[PDB]
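Have a look at the structure below before the remarks.
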Amino acid sequence: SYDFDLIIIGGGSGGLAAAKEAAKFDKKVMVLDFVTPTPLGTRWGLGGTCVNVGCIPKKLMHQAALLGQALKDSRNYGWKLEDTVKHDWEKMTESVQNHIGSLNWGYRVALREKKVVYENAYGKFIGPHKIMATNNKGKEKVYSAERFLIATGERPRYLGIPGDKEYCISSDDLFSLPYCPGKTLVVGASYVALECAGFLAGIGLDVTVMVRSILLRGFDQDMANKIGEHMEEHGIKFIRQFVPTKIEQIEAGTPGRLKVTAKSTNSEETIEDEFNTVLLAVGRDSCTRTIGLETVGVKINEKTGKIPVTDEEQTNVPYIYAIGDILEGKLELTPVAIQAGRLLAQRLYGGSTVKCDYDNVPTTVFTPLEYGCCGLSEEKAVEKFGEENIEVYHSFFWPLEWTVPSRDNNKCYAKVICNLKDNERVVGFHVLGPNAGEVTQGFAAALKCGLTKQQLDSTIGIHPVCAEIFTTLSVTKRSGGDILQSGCXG
Amino acid sequence: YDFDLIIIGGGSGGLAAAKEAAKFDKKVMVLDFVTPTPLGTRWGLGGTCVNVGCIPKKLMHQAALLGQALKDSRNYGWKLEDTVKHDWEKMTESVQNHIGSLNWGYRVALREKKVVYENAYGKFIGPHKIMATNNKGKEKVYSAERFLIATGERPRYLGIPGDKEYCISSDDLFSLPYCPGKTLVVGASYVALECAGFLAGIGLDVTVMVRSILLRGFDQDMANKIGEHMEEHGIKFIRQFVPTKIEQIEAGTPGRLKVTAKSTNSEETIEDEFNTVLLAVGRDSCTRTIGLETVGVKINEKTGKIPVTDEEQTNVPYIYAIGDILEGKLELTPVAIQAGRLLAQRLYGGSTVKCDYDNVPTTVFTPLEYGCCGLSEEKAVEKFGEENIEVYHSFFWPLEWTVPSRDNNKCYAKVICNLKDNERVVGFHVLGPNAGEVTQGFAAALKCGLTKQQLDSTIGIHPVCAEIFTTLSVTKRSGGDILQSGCXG
Ligand SMILES: Cc1cc2nc3c(=O)[nH]c(=O)nc-3n(C[C@H](O)[C@H](O)[C@H](O)COP(=O)(O)OP(=O)(O)OC[C@H]3O[C@@H](n4cnc5c(N)ncnc54)[C@H](O)[C@@H]3O)c2cc1C
Ligand SMILES: Cc1cc2nc3c(=O)[nH]c(=O)nc-3n(C[C@H](O)[C@H](O)[C@H](O)COP(=O)(O)OP(=O)(O)OC[C@H]3O[C@@H](n4cnc5c(N)ncnc54)[C@H](O)[C@@H]3O)c2cc1C
């Protein structure tokens, strides 16, 4: 029998995690990674989406925006800054790439050290236990394995409209853009769309977001709106209820000049403006189509493209497994994939019975004002637990760090969502403020311990720190009490 | 009487209890008075945290950080010129401007909630009777059914000469009318290192004189790492020395002073000269001269603390004590607020809810910040028995530093687990940026008796410093390498 115990299709966050984990148990392991180029032909190394065109470059470019904010603040803390400092897109994306690059090389090294076989090729199933590896130039080799991990993730979706593929960029492209994007239209309004609009605007560019329906579908809608309001108040332009119909090159250039024409969601009306870059951040389809799943009979959701999967990450075909984003009804987040992948390797070759817990996974939208949250949204706790069974403690706050710069009072906002039928279990947690990620993490662990509101209250705050607001959340939404206004002192 | 309740001290605990008691419609009075420092410094309503503690300390910390932030911004593409300079006066001006609005916020808040504010020193004269010596000297005599002693502490000096007339405390630093210049900081707990940290961080020549160990009371390994970090980023350390005398070599703003220090064990002597000497060497409670004899409140004579029931009651049943002046408690603001707020609940609202002093999270705001909650490594060994303790720990590198390309493998996290208890995380520690924000949540997680296997089942947030705690697999006992790093493996 076979060439490897395990072949992982995809060298992503989930891929490399399972890969690197399976190696502790001394087994023949192979990773296939291959970066199918974007429309305008962009490439990148081992590491997957987070490393190359996701969290890593996105956070870094976020930080670049924050740091501009930081420079503005420094005046009032006594730093003799000259009047305005300017931003250099090239210098920035260069450092980002320099870090991405070392991550790429880090993983290629890490695989070698753990003795995993790396093959930079496209994996396509050809028959039971048999995969074809089409390498970069065209040559194919055929490999076999006892088990398989499908960990191929997704890629940005385009609109069904013309001009979009040849003239627009996706998340995949922005992060290595060889020129300042200039005036930008970002189309779509979930984490990627707003995050990107947020940092582009933050480094000084003229940015507009074109919203089809609601902001951040799926996330607590009140929080979403506050994020939107914040973004608008800090110089991001919003075009509400419009979809683009065509993108046409009015010039070539780096950046070019493009013309976007958009129809209304309900009226008949038409708008035209012209931008330097159009960012299409409008969802992502799974790479499950062209991996030759037919030839081994893995069932996939035909409509969505996701792979349904047992609570053990097993596909309908018993030797084949799926990990990460391509899974159905899961969270498409990196730490999830890593965990899932790492724990799957435990089960297979280490005899752990520990499953992957997909419940109450914390997330953070890295909008200019960051939004971190964990558990259920207000509407969903109402839906799940019955309206007047839900109690919501909430409040605004002002990071001490902003007082001296004297800006943005009463913009930061925290709330816990509590289940009255359950000892006020904090079944929902939300915070809109700086370092939202850091704040949330702890409480997510606290949620895994089934935290109750009265336990939260018995926990003493840390002062002066943003997260302490959660220790003293006394005003309920139901109670109607004023939460503004403020004061500071009372 | 005249009042249901008189709160002696308008501090964190004071104003908290005061503002809380007001909901229950009672005649309340706050006496606050700021007894001036040796060199005669004053401030408004709000207490230590507001005027000469957390508020101005964090702000000045932030100023330091922002300098770091400017340095970093170059590699993120900001066309900074080569070096930006700092202006002490412009800084301490903004800080005061904020402190000022806080003063004039609490004064309003008391008025709105209808509490009576009297800016006067409170001294007990007999049962249910207090004397209020106002600022100019006139006294009035008030009465109340109950009393809250909420007087907090003040910086202690060394028993040596020159120190009162030539040195500054925490109390003075935060309104210093001139750039402190080259500084010696004496002492090595939160105040000493925090201050040394931000002073150096805004560009000054800073030396810390350590008597024994760093941060006595806090996990000593973390303390040392804090020390190492501070030294690696340009803070000078004089280990095992106490100053014997401080003598003015000049008057000036800043002056020029000569510090002479003896060794902890050897006979040796050192001399240097600094512009400012910051004495951060403990604080004594203001329990002495509040006329406690005249109402017979027992105080620990040795320490000055007020022993108190699990309900913040002193031995005298109508008299209560809140916050820092309490014996065997934490001297932290949120604690005093909570204690005070909850005491007012019991008295006038019939809540039976006590104040939980267990596993109060704290944060040392040293340049590399240190947050922690629960037991230290030595104390969990001591309390729970050496080989019953398992420690999962690891270094990390905030993504934010990779581009500026600095300070890999400096940030460090550990949980302390009790093997006799399902690996209860009875100890939590993190050295890294935004430590405060990181810790808070986990403190709540500890109050829920978090176990290591629950921590593990919790998914991380990426890329975020705090996620390190979700994946702490290497044990200290196991001996595994935690350096080195990589990033990718
Ligand atoms: C702009 C952006 C920002 C994001 N921000 C965050 C964030 O802040 N925090 C967070 O937790 N998550 C974030 N995410 C989501 C995150 O990228 C994913 O959750 C994560 O990368 C998924 O890992 P994976 O292994 O499932 O898929 P991927 O990481 O995408 O791994 C799949 C890899 O395999 C390759 N491949 C595909 N088909 C084949 C094949 N047939 N043969 C060989 N190789 C193949 C792919 O090209 C890719 O390299 C972000 C995503 C984007 C796009
Ligand atoms: C430099 C420094 C940094 C600190 N940083 C932090 C931090 O980051 N986080 C944190 O949680 N804690 C911090 N603290 C500790 C914090 O200051 C205390 O925990 C908190 O202020 C105590 O509140 P309190 O009401 O107990 O005392 P205080 O706030 O001191 O209140 C006492 C008030 O009453 C006045 N008074 C005294 N005697 C009388 C009298 N007889 N009559 C009338 N008035 C009187 C005092 O002058 C003072 O105004 C810091 C302290 C210092 C010095």
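Some values worked out for this structure:
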read-out: Every pair of residues 6+ apart whose Cβ atoms lie under 6 Å, when the first sits in the range B:20-38 and is surrounded by fewer than 17 Cβ atoms within 10 Å (Cβ to Cβ) while the second is not polar (S, T, N, Q); value: B:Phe24/B:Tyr348; B:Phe24/B:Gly349; B:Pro36/B:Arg42; B:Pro38/B:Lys164
read-out: When residues of the range B:20-36 are limited to those that are among the hydrophobic types (A, V, I, L, M, F, W, C) and in a helix (DSSP H, G or I), the one farthest from ligand 2 (Cβ to nearest atom); value: B:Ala22
read-out: Subset of the range B:301-318 [within 15 Å of ligand 2 (Cβ to nearest atom) and under 17 Å from B:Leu342 (Cβ atoms)]; value: B:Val308, B:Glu312, B:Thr314
read-out: When residues of the range B:170-186 are limited to those that are more than 20 Å from the chain's Cα centre (by Cα) and more than 8 Å from B:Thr276 (Cα to Cα), the one surrounded by the most Cβ atoms within 10 Å (Cβ to Cβ); value: B:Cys179
read-out: Matching residues, the range B:429-469, being of a type in the set (S, T, N, Q) and either touching a strand residue (DSSP E or B) at 6+ places or on another chain (Cβ under 6 Å) or surrounded by fewer than 23 Cβ atoms within 10 Å (Cβ to Cβ) (or both); value: B:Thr439, B:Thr451, B:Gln453, B:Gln454, B:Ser457
read-out: Among the residues listed as A:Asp33, A:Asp5, the single one being over 25 Å from A:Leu279 (Cβ atoms), away from ligand 1 (no atom under 14 Å from the Cβ) and of a type outside the set (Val, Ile, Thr); value: A:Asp5
read-out: Index of the failed condition, A:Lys28 passing every other in (1) within 12 Å of another protein chain (Cβ to nearest Cβ); (2) over 19 Å from the mean Cα position of the chain (by Cα); (3) farther than 29 Å from A:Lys165 by Cβ; value: (1)
read-out: Failed item, numbered, when B:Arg42 is tested on (1) of a type outside the set (S, T, N, Q); (2) touching a residue at least 12 places away in the same chain (Cβ under 8 Å); (3) under 25 Å from B:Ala192 (Cβ atoms); value: (2)
read-out: Filtered residue count, the range B:35-85, keeping only those that are at the interface with chain A (Cβ under 9 Å from one of its Cβ atoms), more than 18 Å from B:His98 (Cβ to Cβ) and of a type outside the set (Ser, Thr, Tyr); value: 13
read-out: Residue, surrounded by the fewest Cβ atoms within 10 Å (Cβ to Cβ), within the range B:330-350, restricted to residues that are part of a loop (DSSP other than H, G, I, E, B) and within 11 Å of chain A (Cβ to nearest Cβ); value: B:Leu330
read-out: Matching option when the condition is β-branched (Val, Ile, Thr) and at the interface with chain B (Cβ under 8 Å from one of its Cβ atoms), among A:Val109, A:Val117; value: A:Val109
read-out: A:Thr277 among the β-branched types (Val, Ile, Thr) and surrounded by fewer than 21 Cβ atoms within 10 Å (Cβ to Cβ); value: no
read-out: Search result, residues across the range A:291-329 that are acidic (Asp, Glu) and outside any loop (DSSP other than H, G, I, E, B); value: A:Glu294, A:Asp325
read-out: Test: residue in the range A:146-160 that is more than 29 Å from the chain's Cα centre (by Cα) and either of a type in the set (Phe, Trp, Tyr) or away from ligand 2 (no atom under 16 Å from the Cβ) (or both); value: yes
read-out: Options B:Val141, B:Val191: the member that is surrounded by fewer than 16 Cβ atoms within 10 Å (Cβ to Cβ) and either within 21 Å of B:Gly436 (Cα to Cα) or not assigned by CATH to the domain that holds B:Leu368 (or both); value: B:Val141
read-out: Selection from the range A:424-468 of residues that are among the aliphatic types (A, V, I, L, M) and more than 19 Å from A:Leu66 (Cβ to Cβ); value: A:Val426, A:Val427, A:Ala444, A:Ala445, A:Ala446, A:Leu447, A:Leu451, A:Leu456, A:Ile460, A:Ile462
read-out: In the range A:277-327, residue farthest from A:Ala19 (Cα to Cα) [restricted to those that are of a type in the set (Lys, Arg) and away from ligand 1 (no atom under 13 Å from the Cβ)]; value: A:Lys303
read-out: Residues (in a helix (DSSP H, G or I) and either in contact with a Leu (Cβ under 6 Å, 6 or more places away or on another chain) or crowded, with 23+ Cβ neighbours inside 10 Å (or both)) located in the range B:157-169; value: B:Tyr166
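A quick yes/no check of all residues on (1) more than 10 Å from every other protein chain (Cβ to nearest Cβ); (2) without any contact (Cβ under 8 Å) to a residue 12 or more places away in the chain; (3) within 30 Å of B:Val52 (Cβ to Cβ); (4) within 16 Å of ligand 1 (Cβ to nearest atom):
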residue	(1), (2), (3), (4)
A:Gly428	yes, no, no, no
A:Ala436	no, no, no, yes
A:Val439	no, no, yes, yes
A:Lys448	no, no, no, no
A:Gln455	no, yes, no, no
A:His463	no, yes, yes, no
A:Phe470	no, no, yes, no
A:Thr476	yes, no, no, no
A:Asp482	yes, yes, no, no
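Basis: the model, the stated rules and, where named, an outside source; none is laboratory data. When we count neighbours, we look across all protein chains shown, and the Cβ atoms used for this are built from the backbone with ideal geometry, even at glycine.
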